[PDB]
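Okay, so here's just one chain, in structure tokens, the form deposited in one PDB entry.
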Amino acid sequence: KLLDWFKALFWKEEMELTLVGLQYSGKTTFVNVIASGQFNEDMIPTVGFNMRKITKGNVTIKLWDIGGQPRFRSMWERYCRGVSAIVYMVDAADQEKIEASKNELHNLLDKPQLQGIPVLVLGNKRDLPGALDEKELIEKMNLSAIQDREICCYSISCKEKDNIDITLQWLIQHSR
């Protein structure tokens, strides 16, 4: 659509960014969508690690699950220095996991080396009946308690491509 126009604009952009959130929160699906189902994936530093380097065009994305490999957390956090932005993805329909996930976001932004980096929280799976909306996400994840930086929250759906356009707008506009 116009969505396809933003995808093209987005992959010419020279930026690093990070996509992190709990497992099964829609992370790879989201890349699928904005990459039109074609991209390169490479475990970092090598195979065996949770961390993945998505590349396509000029964009490189550092992608990991919070809780995939707890031992390597510090290594992952530190790898996310210098990024243009943080995309923190949550399943807005899985309300039982909201508290735990809200906590690792706050933990993540408590870290000095990641000071000042913009955060887009995405409340995915909006299509599922009863999934948390934008206002509620902000509420239940205490997003107003984060003010050391620029922080934005959108509700989206990868399976329906709802709000992916404004997401790409946000991202494209936040390259350094």
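Just count from 1 along the sequence shown to find any residue number. If you superpose the two forms and keep the largest set of C-alpha atoms that fall within 1.5 Å, you have the rigid core.
In this entry, the higher average B-factor at the C-alpha atoms falls on 8-16, of the pair 164-172 and 8-16.
Of the two segments, 54-62 and 37-45, the one listed with the higher mean B-factor is 37-45 (C-alpha atoms only).
The PDB entry assigns the greatest CA B-factor among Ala145, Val121, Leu108, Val31 to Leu108. Within the group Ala100, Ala85, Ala92, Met89, the record's highest C-alpha temperature factor is found at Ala92.
Looking at the C-alpha B-factors along this chain, the one for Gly26 belongs to the lowest third. In the deposited entry, the Cα temperature factor of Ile138 sits in the bottom third of values across the chain's modelled residues. Per-chain ranking of the deposited C-alpha B factor places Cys152 in the middle third. The deposited CA B-factor of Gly130 belongs to the highest third of values across its chain. Sort the chain's modelled residues by C-alpha temperature factor and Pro70 lands in the lowest third, per the entry.
From this point on, the text means the form deposited in another entry, which you will not see here.
Following superposition on the rigid core between this form and the one not shown, the residue from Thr60, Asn142, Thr29, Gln113 with a C-alpha displacement of 2 angstroms or more is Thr60, and no other. For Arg73, a C-alpha deviation of 2 angstroms or more is recorded between this form and the one not shown after rigid-core alignment. For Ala131, a C-alpha deviation below 2 angstroms is recorded between this form and the one not shown after rigid-core alignment. A movement of the C-alpha atom of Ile151 falling short of 2 angstroms is seen between this form and the one not shown when the two forms are aligned on their rigid core. In the other form, the CA atoms of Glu104 and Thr60 sit farther apart than in the displayed form, by at least 3 angstroms. In the other form, the Cα-Cα separation between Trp64 and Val83 shrinks by 3 Å or more relative to the displayed conformation.
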